[PDB]
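So the structure is just underneath, and the comments pick up after that.
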There are 2 protein chains.
Amino acid sequence: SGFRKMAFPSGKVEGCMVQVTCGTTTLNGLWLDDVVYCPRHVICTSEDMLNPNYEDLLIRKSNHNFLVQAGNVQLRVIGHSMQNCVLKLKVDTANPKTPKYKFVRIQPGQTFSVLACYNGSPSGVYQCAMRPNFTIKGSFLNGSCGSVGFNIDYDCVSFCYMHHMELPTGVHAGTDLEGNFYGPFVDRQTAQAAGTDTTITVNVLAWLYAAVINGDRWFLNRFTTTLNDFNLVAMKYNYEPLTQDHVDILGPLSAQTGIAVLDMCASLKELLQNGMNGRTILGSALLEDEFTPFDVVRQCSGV
Amino acid sequence: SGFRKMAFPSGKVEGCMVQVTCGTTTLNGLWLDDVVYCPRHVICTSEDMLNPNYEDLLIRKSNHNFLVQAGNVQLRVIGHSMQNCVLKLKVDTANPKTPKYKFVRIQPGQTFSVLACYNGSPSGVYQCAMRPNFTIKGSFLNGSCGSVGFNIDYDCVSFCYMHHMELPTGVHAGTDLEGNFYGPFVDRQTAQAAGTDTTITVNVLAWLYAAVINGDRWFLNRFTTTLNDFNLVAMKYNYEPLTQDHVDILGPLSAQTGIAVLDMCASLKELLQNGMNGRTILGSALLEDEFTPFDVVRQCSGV
Ligand SMILES: *C(=O)[C@H](C[C@@H]1CCNC1=O)NC(=O)[C@H](CC#C)NC(=O)/C=C/c1ccccc1
Ligand SMILES: *C(=O)[C@H](C[C@@H]1CCNC1=O)NC(=O)[C@H](CC#C)NC(=O)/C=C/c1ccccc1
């Protein structure tokens, strides 16, 4: 028993992290087979950051402008190309530690683990959710770009995020591993701001089920609600609408606890309207929305 | 910027995890050089759990009673011995992936990363604090015993915890890697219960400093307090006394933010007496005490 924000074990990804330097800019790269992937803004200079033309900067570069170090073995760059907001640096050695992997783009509301790195060396690992507004609430300092987010399924790493920047609100923005940004952000210099965020309703419900599985029951009631009358309340509190598919996804947790999804919705409505009155759920005084139903089942299997 | 509960990268520890089976009991072991360490209750059976005599059970065992698997390469046990609540199984191969390591016992109030494992295979990684009552608030299911907690300093893994059991309150208890329990617990069957816990005051202060470093300032004031008048309030709210050494440890955070430790104490006193009135700090509606000053500096270096 117990419930914690749990990251995937990071070893398979640690073996892929390299350091990429171009000019006086050093950041992190991801070394899979004989390609290193990194953010294309590694080729920018201070004088072209408001709106660099990345195609010009790249045509003016050669292979020898890119210094790639794995630990401190130097990898020779033998080819370079741009794919959207990511650079692909072909190197003369295939990474012997290349895991089975996929490049997957995730959906708002899904979670993943982040391996924060600096200078090619892993610093720490933590769990993030892709917010409905396509930002993530992470922990990233100068030098962390090129750090990646991932899930593991069996022994296949599905990479889903590469870090590019921090917004003025302190949240973070990046791309998938094909270099396509999550959300309406660009790797330049704008006053760029995220769209208004909402709470991931299905995840809050999943987390209430985790709480029940862990003996927290004070918020339950006999009330049930209709999906319509629940979504009326959700809209008022800036929660995303709940769909029948969300109810279906919550099925196994429903069956494990014997609490119908719409009964748990009745509990959430009461929590939204009355708050907690000084009590906690799984150690939180806020309703937590960064656990998916899968995160709960994975951690709470058999109580 | 940003602040998250961050674990250490788990790769160096993943390479040490093995599966240890004796009888019908399978749990996790830690393979360093030519020794596998695991909880001694792996030799228990259902009929001797209230108070096993572990010296009898062990004398009645042979090397061939212990099946040790790394991945699925079988390691031959060539020697066995008991060290307090841990077994040391000598095996015929030194672990090629053995990192530089230390066996360190930590203090209440210090943090560490846990690599939760089942059947020798790492499941996830998360950060824990050793509570003042020598329990940890983790996430452990049946089969997780032998999972270890650790810190990393440079490239040396300091192992500090091996998991043995869950208490009735849902918290967890274990030993250091010499097999000496943290706290007044035993690896048998008792109605055993933890002593009353307290809040780690120096860590709450460190976390307030992290919040300031991340732009959360609403809880500050010009008030300052004396260390004595603060500890009077702390005692009332079940917080541990703050010492001059704690004030010294908080020095660098004090200097980085320009807020004197005793000024930050004045803020904490107000927070204890008035609560937050519906606001949050670093995304929490509770005062967080599982970040050490070191955790903050490590994550918040240079804003
Ligand atoms: C890459 O390492 C770095 C990561 C951020 C540094 C500070 N915290 C980060 O996550 N990426 C950048 O610095 C990019 C570079 C480009 C283009 N730029 C930004 O993050 C811009 C931030 C900003 C904030 C407020 C106003 C303007 C720009
Ligand atoms: C080892 O894998 C296991 C870990 C716990 C299982 C359930 N969650 C755990 O963290 N260790 C045990 O099961 C040990 C074995 C011994 C001795 N026993 C307990 O954890 C006893 C728990 C308990 C709770 C309430 C009343 C009595 C006993």
**OP:** Taking B:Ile152 as meeting all but one of (1) in contact with a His (Cβ under 7 Å, 6 or more places away or on another chain); (2) in a strand (DSSP E or B), write down the number of the exception.
**Re:** (1)
**OP:** Quickly run through region B:119-146 and pick out the residues that are within 23 Å of A:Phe150 (Cα to Cα) and in contact with a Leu (Cβ under 7 Å, 6 or more places away or on another chain).
**Re:** B:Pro122, B:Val125
Original post:
With A:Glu290, A:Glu270 as the choices, which residue is farther than 27 Å from B:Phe140 by Cβ and either surrounded by 19 or more Cβ atoms within 10 Å (Cβ to Cβ) or out of contact with any helix residue (DSSP H, G or I) (no Cβ under 8 Å at 6 or more places or on another chain) (or both)?
Top reply: A:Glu270
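Against the definition (within 14 Å of chain A (Cβ to nearest Cβ) and either surrounded by fewer than 17 Cβ atoms within 10 Å (Cβ to Cβ) or over 22 Å from the mean Cα position of the chain (by Cα) (or both)), how does B:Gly71 come out, yes or no? Break it down stepwise before answering.
Details: within 14 Å of chain A (Cβ to nearest Cβ): yes; either surrounded by fewer than 17 Cβ atoms within 10 Å (Cβ to Cβ) or over 22 Å from the mean Cα position of the chain (by Cα) (or both): yes.
Criteria met by B:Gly71.
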**OP:** Test each condition in (1) within 22 Å of B:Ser284 (Cβ to Cβ); (2) aliphatic (A, V, I, L, M); (3) in contact with a strand residue (DSSP E or B) (Cβ under 9 Å, 6 or more places away or on another chain); (4) touching a residue at least 40 places away in the same chain (Cβ under 8 Å) for A:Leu272 and report the one that comes out false.
**Re:** (4)
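Need at least 3 residues that are away from chain B (no Cβ under 14 Å) per element, so show me which helices (runs of 4 or more DSSP H) inside region A:231-303 make the cut, counting only ones lying wholly within it. It would help to see each step written out before you state the result.
Working: elements: A:244-249, A:251-257, A:261-274, A:293-300.
Hits in region A:231-303: A:244-249, A:251-257, A:261-274.
Output the number of residues of region B:83-107 satisfying the condition of being assigned to a loop (DSSP other than H, G, I, E, B) and under 20 Å from B:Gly23 (Cα atoms).
Applying the first criterion (assigned to a loop (DSSP other than H, G, I, E, B)) to region B:83-107 yields B:84-85, B:92-99, B:104-107.
Going one step further and asking which of them are under 20 Å from B:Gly23 (Cα atoms), we end up with B:85.
So the answer is 1.
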Subject >> Condition broken by B:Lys236, with the remaining ones in (1) under 29 Å from B:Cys300 (Cα atoms); (2) within 28 Å of the chain's Cα centre (by Cα) satisfied >> reply: (1)
Subject >> Single residue of region B:172-181 satisfying the filter (more than 14 Å from ligand 2 (Cβ to nearest atom) and buried (at least 20 other Cβ atoms within 10 Å of the Cβ)) that is farthest from the chain's Cα centre (by Cα) >> reply: B:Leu177
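Which of the residues belonging to region A:55-68 are more than 29 Å from A:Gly15 (Cα to Cα) and surrounded by 12 or more Cβ atoms within 10 Å (Cβ to Cβ)? Lay out the reasoning, then the answer.
Of all residues in region A:55-68, those more than 29 Å from A:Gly15 (Cα to Cα) come to A:55-57, A:59-60.
A:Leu57, the sole residue that qualifies.
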Original post:
Can you name the number of the only condition in (1) within 14 Å of chain A (Cβ to nearest Cβ); (2) in contact (Cβ under 8 Å) with a residue 12 or more places away in the chain that B:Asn65 fails?
Top reply: (1)
**OP:** Give me a count of the residues in region A:164-196 that are within 14 Å of chain B (Cβ to nearest Cβ) and within 17 Å of A:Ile106 (Cα to Cα).
**Re:** 3
Original post:
Any residue in region B:28-45 that is over 30 Å from A:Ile152 (Cβ atoms), away from ligand 1 (no atom under 16 Å from the Cβ) and aliphatic (A, V, I, L, M)?
Top reply: yes
Subject >> Per-region count, region A:123-149, residues closer than 13 Å to A:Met17 by Cα, part of a strand (DSSP E or B) and in contact (Cβ under 8 Å) with a residue 60 or more places away in the chain >> reply: 1
**OP:** Return the total of residues in region B:2-49 being within 14 Å of another protein chain (Cβ to nearest Cβ), crowded, with 19+ Cβ neighbours inside 10 Å and either over 17 Å from A:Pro9 (Cα atoms) or touching a residue at least 24 places away in the same chain (Cβ under 8 Å) (or both).
**Re:** 15
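Which residues, counting only those in region B:193-207, are among the hydrophobic types (A, V, I, L, M, F, W, C) and farther than 10 Å from B:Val296 by Cα? Break it down stepwise before answering.
We begin by selecting, within region B:193-207, every residue among the hydrophobic types (A, V, I, L, M, F, W, C); these are B:193-194, B:200, B:202, B:204-207.
Once the filter is applied, which keeps residues that are among the hydrophobic types (A, V, I, L, M, F, W, C) and farther than 10 Å from B:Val296 by Cα, region B:193-207 yields B:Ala193, B:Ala194, B:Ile200, B:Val202, B:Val204, B:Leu205.
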Original post:
Can you spot a residue in region A:6-14 that is within 16 Å of ligand 1 (Cβ to nearest atom), over 30 Å from B:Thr135 (Cβ atoms) and in contact with a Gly (Cβ under 8 Å, 6 or more places away or on another chain)?
Top reply: no
Original post:
For region A:208-220, does any single residue satisfy the condition of being among the small types (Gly, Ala, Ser) and surrounded by fewer than 17 Cβ atoms within 10 Å (Cβ to Cβ)?
Top reply: yes
Original post:
Of the numbered conditions (1) more than 16 Å from ligand 1 (Cβ to nearest atom); (2) touching a residue at least 60 places away in the same chain (Cβ under 8 Å); (3) surrounded by 19 or more Cβ atoms within 10 Å (Cβ to Cβ); (4) assigned to a loop (DSSP other than H, G, I, E, B), A:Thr225 satisfies every one except a single condition; which is it?
Top reply: (2)
**OP:** Taking the residues in region A:136-156 that are buried (at least 23 other Cβ atoms within 10 Å of the Cβ) and away from chain B (no Cβ under 11 Å) as candidates, determine which candidate is nearest to ligand 1 (Cβ to nearest atom).
**Re:** A:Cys145
Original post:
Taking region B:181-212, which residues are of a type in the set (A, V, I, L, M) and away from ligand 1 (no atom under 16 Å from the Cβ)?
Top reply: B:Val186, B:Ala191, B:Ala193, B:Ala194, B:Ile200, B:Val202, B:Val204, B:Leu205, B:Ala206, B:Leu208, B:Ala211, B:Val212
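Residue-by-condition table, conditions (1) within 16 Å of ligand 2 (Cβ to nearest atom); (2) surrounded by 16 or more Cβ atoms within 10 Å (Cβ to Cβ); (3) within 9 Å of chain B (Cβ to nearest Cβ); (4) not β-branched (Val, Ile, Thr):
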{"position": "A:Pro99", "(1), (2), (3), (4)": "no, yes, no, yes"}
{"position": "A:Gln107", "(1), (2), (3), (4)": "no, no, no, yes"}
{"position": "A:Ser113", "(1), (2), (3), (4)": "no, yes, yes, yes"}
{"position": "A:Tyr118", "(1), (2), (3), (4)": "no, yes, no, yes"}
{"position": "A:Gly124", "(1), (2), (3), (4)": "no, yes, yes, yes"}
**OP:** Output the number of the condition that A:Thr243 fails; it satisfies all remaining conditions of (1) crowded, with 19+ Cβ neighbours inside 10 Å; (2) closer than 24 Å to A:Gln110 by Cα.
**Re:** (1)
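Rule-based calculations on the coordinates, nothing more; no lab input. Don't worry about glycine lacking a Cβ; one is built from the backbone with ideal geometry, like all the others, and counts go over all protein chains shown.
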